[PDB]
Each structure stands twice: as C-alpha cells, then as structure tokens.
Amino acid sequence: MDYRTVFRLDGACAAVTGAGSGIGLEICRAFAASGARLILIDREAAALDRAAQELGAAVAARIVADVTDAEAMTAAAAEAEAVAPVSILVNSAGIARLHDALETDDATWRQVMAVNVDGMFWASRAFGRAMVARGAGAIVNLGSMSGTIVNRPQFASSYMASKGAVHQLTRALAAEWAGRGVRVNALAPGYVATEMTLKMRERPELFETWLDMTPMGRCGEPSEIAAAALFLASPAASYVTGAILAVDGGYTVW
C-alpha cells in the first residue's frame, strides 16, 4: 500500500458538470493537480474558456451542455467515452432559489428540482453506463447540509427537498452499482465562500446568522470542499460508498 499516491488520480479521466465556476471549477483544479484528465461540462461556455486556460493540458474536452437535457447528457457521455474511458464523474451543477413556500411559483420549484435532482440523474445514468460496464468508477455528488437540515433564516424549500433527493439518489446508485465496482458518494457542504455566496452578504441579517450557526464561525473555502471531493474520488476512498460526508464547519453538529 502506497500512501504517498493513494489520493492521486493518475491515469483517470474525470467528467465534471458545473466545471466553469465555483465549486466545480475548484474540484477541477484539485483533480488536475492530482493527475486526472478532465471532461469539462457547463452551460456557460465562456466560464469554460476561463477553466480551460487555467487547467491547460489536463483538459481532454470541453462540452457545453445543460444537465436538465437528458439527451444532451447521453450525448456528452458518448462524446467523452470516444476521447477516453471516463472513470470519475462529479455532479456539481446545482442552483438555489429563495422563495417563501406560500408564494412559490410553480416554475421555481420545477427549475430547482430539474437542475438539482433530475439533471444529476441524467448525468449519472449517462456517464455511469460505461463505468458499470467496465466494473470500475467513482461518482462524487454535490449534496448539501440542506439535504440533512433546513437553512435559516432564509426559506428555499425546493432547495432542501432537492438536496434530500440528492442524498438518497447517491445512496440508491451506490447500492445498485456496488457489486459492479462503481462507488457513489456525496459531499454535504455548509456555506461555501464562492463568489456567489460571498455577495449573499450584502445582507448582514442572513450572513451573521449563518456564521453564528457554524461552530467554526466561517464559511468553507472552495478548496476545502474540493479536497474532500478529491478524497472521495480517489482510491483512498476505496471502501467508501453510499456515504454522505459533511464538510460544514460543524454546522450539522448543533
């Protein structure tokens, strides 16, 4: 057993949705640094531009696709497989919409569920197919502490519901594919200091409550989430499947 290289992804090809920004991009950084080749997937093709510049030779392909389009995910997987066997998938496309339950537009509910759950299933089915055939693979899904507990003070019931679905989808596929050598796990991050949540701080009433409810008294940095994703994606996690790993500064402890 070589512990010096057990966390590496040498020789792996990893597809990452949401690759162009935030957590997906930092996960790409981690994976690249660890020897993986990348299939970058995003709907914002210029956020892809940014990523490919940074990741250089580690990029095997850049694919523009909406995860909510099942046909487009099946196509992305066929295109990726033609470049190299995809042995890792990271589902890091996810959105959040603030809404009071009683005032929720039907479209808001459907949009969040479609991206966060359905899109995860479309990508997992598409990319998982060849992993299952090969009897080898690792899937890391971006769940949330929102799949375990309910945020405060803001309301976003569709987010909570979608992340509950993400955690059970993770486990469902872990169970179904364990016998065929594909591991499936989720991260459950707390608040993460992405450009996007850091602006969500023009609102001290929200932000101060978030910090006060986190034992570490801070948001997680994107790299702290990526380092956990790297662990779950690597052979270090060879006996880890169907796990929901909290990376939340202690948020779910209280």
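Counting begins at 1, following the sequence as shown.
Trainee: May I ask you to compare 226-234 and 5-13 by their mean CA B factor in the entry and name the higher one?
Mentor: Comparing 226-234 with 5-13, the higher mean C-alpha B-factor belongs to 5-13.
Trainee: So, looking at the entry's B-factor column for Cα atoms, which has the higher mean, 79-87 or 180-188?
Mentor: Going by the record's values, the stretch with the higher mean is 79-87.
Trainee: What third of its chain's C-alpha B-factors does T170 belong to: lowest, middle or highest?
Mentor: As the PDB entry reports it, the C-alpha B-factor of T170 lands in the lowest third of its chain.
Trainee: Can you tell me which third, lowest, middle or highest, the CA B-factor of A93 falls into for its chain?
Mentor: According to the entry, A93 has a C-alpha B-factor in the chain's highest third.
Trainee: Split the chain's modelled residues into thirds by Cα B-factor; is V115 in the lowest, middle or highest one?
Mentor: Within its chain, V115 is a middle-third residue by C-alpha B-factor, going by the deposited values.
Trainee: State the tercile, meaning the lowest, middle or highest third, of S157 with respect to the CA B-factors recorded for its chain.
Mentor: Within its chain, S157 is a lowest-third residue by C-alpha B-factor, going by the deposited values.
Trainee: Tell me, lowest, middle or highest third: where does the Cα B factor of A107 rank within its chain?
Mentor: It falls in the top third of the chain.
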